[PDB]
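So you can see what is in the structure, the chains are spelled out below.
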Amino acid sequence: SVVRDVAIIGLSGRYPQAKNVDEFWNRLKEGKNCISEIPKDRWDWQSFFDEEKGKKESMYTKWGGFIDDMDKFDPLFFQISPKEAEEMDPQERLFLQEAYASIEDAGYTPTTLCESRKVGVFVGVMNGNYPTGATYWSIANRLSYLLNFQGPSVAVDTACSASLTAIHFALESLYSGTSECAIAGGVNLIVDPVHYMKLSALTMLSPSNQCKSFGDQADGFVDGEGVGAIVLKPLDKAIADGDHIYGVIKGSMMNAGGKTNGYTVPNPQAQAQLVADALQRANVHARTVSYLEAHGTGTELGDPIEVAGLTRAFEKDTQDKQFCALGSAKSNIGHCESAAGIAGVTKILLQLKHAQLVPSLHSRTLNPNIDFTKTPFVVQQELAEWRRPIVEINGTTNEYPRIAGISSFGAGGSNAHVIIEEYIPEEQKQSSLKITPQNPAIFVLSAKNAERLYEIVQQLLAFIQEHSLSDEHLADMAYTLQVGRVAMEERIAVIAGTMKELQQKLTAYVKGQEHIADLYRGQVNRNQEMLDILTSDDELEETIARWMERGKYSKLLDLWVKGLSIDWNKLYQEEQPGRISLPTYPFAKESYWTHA
Amino acid sequence: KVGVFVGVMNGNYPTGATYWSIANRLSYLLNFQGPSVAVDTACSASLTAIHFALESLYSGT
């Protein structure tokens, strides 16, 4: 059907030295170069290292963007056996965990995300080096099975553009209505030295730890790892349901360069057509774009071609010069193949959340072959406020939203581009759910076992501290914890009328205090029998309804913590609080590996 | 604007799974500049590829 606006309602990711998107923000804002030495637990690089570029069965770098705890997993959470976990590619494991976390971040459970179960799964992947083989379809299908998704389920491989192709397909699927909700993302892990030997034989990699995006002396990219997932939802429905929205994808395109002077040589004309077509489909004039996250792999050939293409595409709409900032996240985390597009999307969404532009590293001296004074763009060098541009298109002047474009190009010539606009809410702050000591909030927490629940409490205290959450967040926090977390076997619940009170009681719990006022502990495992026989009848769900109205909070929580199912939505008779991001489940970190 | 959609699910050759190149080599050699993608949906993979092609034709890309 027709192009329409698509909301991003959920986000999770793991990047070098960034186990969550908060760390990613800290790395971006500070201009951190996240490249490190090949960990000994991957292989010993000295055995294979040779300065001779292009040599066979060798490599000329010691560097990569490696994530921590690559081999860890919580198989019991998913009722997967340890042997099966050993046999599962860790790429599948990590995408599964990030998608689950992204669902928690949105504030939904697997059941309520989509009642029809028509949730699509689209995943980009291009490397399959685990010893048990490439099994890309299973990265999607494992998710669809475990989470009861009955929409499309597909693994895509378009090389370096794979995750942006996947996003494009997801937008198509939402437009045609075969999915009402969708998971989109990509994954790439470096699990075997042959990964580096192949890239080294074609001399595509830099020897150094610097991806010099648009910088002088460009000599290839630094290889990287990444895993990310986003939840996509129609904008109108996202507004109606009160979800929190990182941004609105207005449109995208993917294409290929066709025949150029040599295989893997990029074609600037096709890139220009790509970007022009994305802008036309989005109905976005190029002059309103104020940041461009480039592919920016740091090769001497590709960067000038890219800038020529961008200049040609923008010059179709405007002759204005140096109005749009340009940068690349690869300067921080390196080039991560199938996850490069999702990493760039994440950076754009974080910039929108913080309304900030971060440094693009290693471009203090610009490519001497690129005359930026002849272009629409200024390469972003320092942390700066991201300004809404004021623009006189058509001799009419208006303020436009912060809008960014992102391009992603594959080695085989497959290109994609996506247009992302800030979401600007309507100013409705009735605040009729004001949480006070007279109208306290119900905070519920649960986990598979006591260790995980304890870690959940620690992470909540830390998150409240980190983001300076206070009384005005209690309503949204409690609502999100009520309706946006699966109620697991080990449960606690706290009544609090102020943030300080919550911090006090939770710290006392963390501190080992056996008896805490208005804090209840218990397990579902114990009272399974009586639960089964009483909840069948609505008669008792009505009794709960009356307890809630009357405010018998202590009673409901004493029963809830033993396993009594409570429809927390009935707690909000008039209106609804908003969903907010909160920390996600701290999966157990146990190592599993096979033998080749 | 010729699209290429190919279903594949096994990558056991000694130099590795390089599924993207099965499509991109074709698009390069024949000067095709439409979408070029390797899809893996296991057994149904080629019919998934057909489904994608039908969509792509429907939207006019």
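Scoring rules and cut-offs
For every chain, the first residue of the written sequence is numbered 1 and the count continues from 1 onward along that sequence, whatever numbering the entry uses; residues with no coordinates are hidden. Throughout, the order in which chains and ligands are written sets their labels, letters from A for the former and numbers from 1 for the latter. Because the shown chains make up only part of a larger assembly, each value pertains to the shown part and nothing beyond it. Neither water nor hydrogens contribute to the side-chain values; these are computed over all heavy atoms in the structure. In this description a helix means any DSSP run of H or I spanning at least four residues, a strand means any run of E spanning at least two, and both kinds are numbered starting from the N terminus. Here the radius of gyration uses the C-alpha set of atoms, whereas the globule reference equals 2.2 Å times the residue count to the power 0.38. To sort residues, take the accessible area from a 1.4 Å probe on protein chains only and compare it with the maximum for the residue type: under 20% means buried, over 50% means exposed, and anything in between is partly exposed. Contacts were defined at the residue level, with two residues in contact if any of their heavy atoms lie within 4.5 Å. A simple way to read buried area is as the amount of 1.4 Å-probe accessible surface that goes missing from two parts once joined, with both sides added. Each salt bridge in this description consists of a side-chain nitrogen of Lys or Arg and a carboxyl oxygen of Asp or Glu lying within 4 Å of one another. Here a polar contact is taken to be a pair of N or O atoms separated by no more than 3.5 Å, where protein atoms must pair a possible hydrogen donor with a possible acceptor and residues adjacent in sequence count only if both atoms sit in side chains. Put simply, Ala, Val, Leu, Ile, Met, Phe, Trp, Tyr, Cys and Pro go in the nonpolar bin, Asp, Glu, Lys and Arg in the charged bin, and everything else, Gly too, in the polar bin. Paired rings are identified among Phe, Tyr and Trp, the last through its six-membered ring, by centres lying within 6.5 Å, and are further divided according to the angle between planes into stacked (under 30 degrees), edge-to-face (over 60) and tilted (the rest). Consider the ring centre and the ring normal. A charge sits over the ring if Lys NZ or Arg CZ is within 6 Å of that centre and within 35 degrees of that normal. Note on pairing: DSSP must find at least two bridges between two strands before they are called paired. Axis definition: a line fit to C-alpha positions, over the contact stretch in the case of helices; interaxial angles, taken between N-to-C directions, run 0 to 180 degrees. Any angle that falls under 35 degrees is termed roughly parallel, while one over 145 is termed roughly antiparallel, one within 65 to 115 roughly perpendicular, and all others oblique. Only buried residues count toward a nonpolar core, which is a set of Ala, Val, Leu, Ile, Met, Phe, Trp, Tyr and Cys residues joined through side-chain atoms within 4.5 Å. Crossovers are described as right-handed under a simple rule: with the strands pointing away from the observer, the path leading from the first strand over the helix to the second runs clockwise. Given the number of residues in a helix, its expected span is that number minus one, multiplied by 1.5 Å. Residues form patches when they are more than 30% accessible in relative terms and have no salt bridge. Like charges link within 9 Å. Nonpolar side chains (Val, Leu, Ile, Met, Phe, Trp, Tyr) link within 5 Å. Computed by Shrake-Rupley with a 1.4 Å probe, the accessible areas treat only the displayed protein chains as cover when residues are assessed. Working convention for charge: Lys and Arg count positive, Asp and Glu count negative, and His plus the chain ends are omitted. Note that the charge is assigned to NZ on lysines, CZ on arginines, CG on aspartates and CD on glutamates.

Per the deposited record, determination of this structure is attributed to cryo-EM, with the resolution reported as 6.8 Å.

Here we look at the overall build of chain A
Along the backbone of chain A there are 17 helices and 22 strands. For 596 residues, the compact-globule formula gives about 25 Å, and the C-alpha radius of gyration of chain A, at 25 Å, lands near that figure. With respect to the principal axes defined by its C-alpha atoms, chain A has extents near 75 × 65 × 40 Å. Taking all 596 residues of chain A together, 60% fall into the buried category.

Topic: the interface of chain B and chain A
It is common to report an interface's size as the accessible area lost on association of the parts. If you look at the interface, chain B gives 26 residues, while chain A gives 31 residues. Taken together, the two surfaces of chain B and chain A that pack against each other cover about 2,500 Å², and 55% of this comes from carbon and sulfur. Contact with chain A buries surface across chain B, with B:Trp20, B:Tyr28 and B:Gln33 losing the most and accounting together for 30% of the total. One can count 0 salt bridges joining chain B with chain A. In this structure, the connection of chain B to chain A is made through 12 residue pairs in polar contact. Listing elements by their share of the side of chain B that touches chain A, those giving two or more residues are α1 (19-29), β2 (36-40) and α2 (45-59) of chain B. For the side of chain B that touches chain A, the leading source of residues is α1(B), giving 8 residues. Considering only residue class, the side of chain B that touches chain A consists of 13 nonpolar, 10 polar and 3 charged.

Digging into the packing of aromatic side chains
Summed over the entire model, instances satisfying the criterion amount to 22 aromatic pairs over all chains. Plain terms: the ring middles of A:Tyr100 and A:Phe587 are 5.8 Å apart, the flat faces sit at 65 degrees to each other, and that makes the pair edge-to-face. Placement of the pair is A:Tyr100 in helix α3 (residues 90-106) and A:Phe587 in the loop between α17 (553-560) and β22 (590-591), with a sequence separation of 487 residues. Using a relative accessible area of 7% as the deciding quantity, one classes A:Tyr100 as buried. Residue classification places A:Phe587 among the buried residues on the basis of a relative accessible area of 10%. An aromatic cluster is present here, built from A:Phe73, A:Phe77, A:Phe78, A:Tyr100, A:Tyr585 and A:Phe587 joined pairwise through their rings. Stacked on the ring of A:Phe323, the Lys or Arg A:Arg287 has its end atom at 4.9 Å from the ring centre. The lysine or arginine in question, B:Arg25, covers the ring of A:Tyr263, its NZ or CZ lying 3.7 Å from the ring centre.

Remarks on the pairing of strand β7 (residues 181-188) of chain A
Residue and element names in this part refer to chain A. Burial analysis of β7 places 8 of its 8 residues in the buried class, the great majority of the element. Of the two faces of β7, the one holding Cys181, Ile183, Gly185 and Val187 and the one holding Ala182, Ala184, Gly186 and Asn188 are both buried throughout. Here strand β5 (residues 119-124) runs beside β7; their pairing, made up of 6 bridges, is parallel. Looking at the pairing, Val121 lines up with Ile183 of β7. When β7 meets strand β8 (residues 226-234), the two strands line up antiparallel, connected through 7 bridges. For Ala182, the partnering residue across the bridge sits in β8 and is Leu232.

So, the packing of helix α5 (residues 162-176) of chain A against helix α11 (residues 340-354) of chain A
Residues and elements named next belong to chain A. Taken N-terminus to C-terminus, the directions of α5 and α11 make an angle of 70 degrees; their axes are 5 Å apart at the nearest point. Our classification of the angle between α5 and α11 gives roughly perpendicular. Together, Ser163, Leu164 and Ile167 of α5 and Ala340, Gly341, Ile342 and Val345 of α11 make up the contact between the two elements.

A look at the nonpolar core
All names here are of chain A. Of all hydrophobic cores here, the largest spans 100 residues; its most connected members are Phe95, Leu143, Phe149, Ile183, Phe443, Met477 and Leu502. For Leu143, the contacting residues outside a window of four places in its chain are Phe95, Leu96, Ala99, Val121, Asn148, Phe149 and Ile183. In this structure, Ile8, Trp25, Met254 and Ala404 belong to the second largest nonpolar core, which totals 52 residues.

Topic: the pairing of strand β1 (residues 4-7) of chain B
Residue and element names in this part refer to chain B. In terms of strand pairing, β1 meets β2 through 4 bridges, oriented parallel. By the bridge assignment for β2, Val4 is matched with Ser36. Once you follow β1 into α1 and on to β2, the crossover reads as right-handed.

Structural notes on α3(A)
All names here are of chain A. In this model, α3 (17 residues) spans 24 Å end to end at C-alpha, consistent with the 24 Å of a helix rising 1.5 Å per residue. Most of α3 sits inside the fold, with 17 of its 17 residues counted as buried. In the segment just after α3, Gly107 is the residue with positive phi, at about 90 degrees.

Examining the sheet that holds strand β21 (residues 519-523) of chain A
All names here are of chain A. Taking strand neighbours across the sheet as the criterion, the 3 strands line up as β19-β20-β21 in an open arrangement whose pairing is antiparallel. Each end of this open sheet is capped by a strand with a single partner; those strands are β19 (441-447) and β21. Ignoring strand direction, the axes of neighbouring strands in this sheet form an average angle of 15 degrees. Of the pairings in the sheet, the one linking strand β20 (residues 490-496) to β21 comprises 5 bridges and is antiparallel in character. Looking across to β21, one finds that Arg491 is bridged to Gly522. Each of β19, β20 and β21 touches helix α14 (residues 499-510); the most contacted strand, β20, lies at about 145 degrees to it.

A short note on a nonpolar patch on the surface
Nonpolar side chains collect at one region of the surface, where B:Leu47, B:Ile50, B:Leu54, B:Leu57 and B:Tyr58 lie side by side and expose about 570 Å² of accessible area between them. Structurally, B:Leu57 is set in helix α2.

Brief notes about a negative patch on the surface
A cluster of acidic side chains, namely A:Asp537, A:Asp538, A:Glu539 and A:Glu541, defines a negative patch on the protein surface. Within the secondary structure, A:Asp538 is located in helix α16 (residues 538-550).

Here we look at the pattern of salt bridges
Residues and elements named next belong to chain A. Summed over the entire model, instances satisfying the criterion amount to 26 salt bridges over all chains. Close ionic contact of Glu84 with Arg142 constitutes a salt bridge, the shortest N to O distance being 3.4 Å. Of this pair, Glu84 sits in helix α2 (residues 82-87) while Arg142 is found in helix α4 (residues 137-146), placing the two residues 58 residues apart along the sequence. With its nearest N and O atoms 3.3 Å apart, the salt bridge here joins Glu422 to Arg388. Of the two residues, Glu422 sits in the loop between β18 (414-421) and β19 while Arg388 sits in the loop between β14 (384-385) and β15 (390-393), which places them 34 residues apart along the sequence. Each of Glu385, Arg388, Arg402 and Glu422 takes part in salt bridges that share partners, so that together they form one network.

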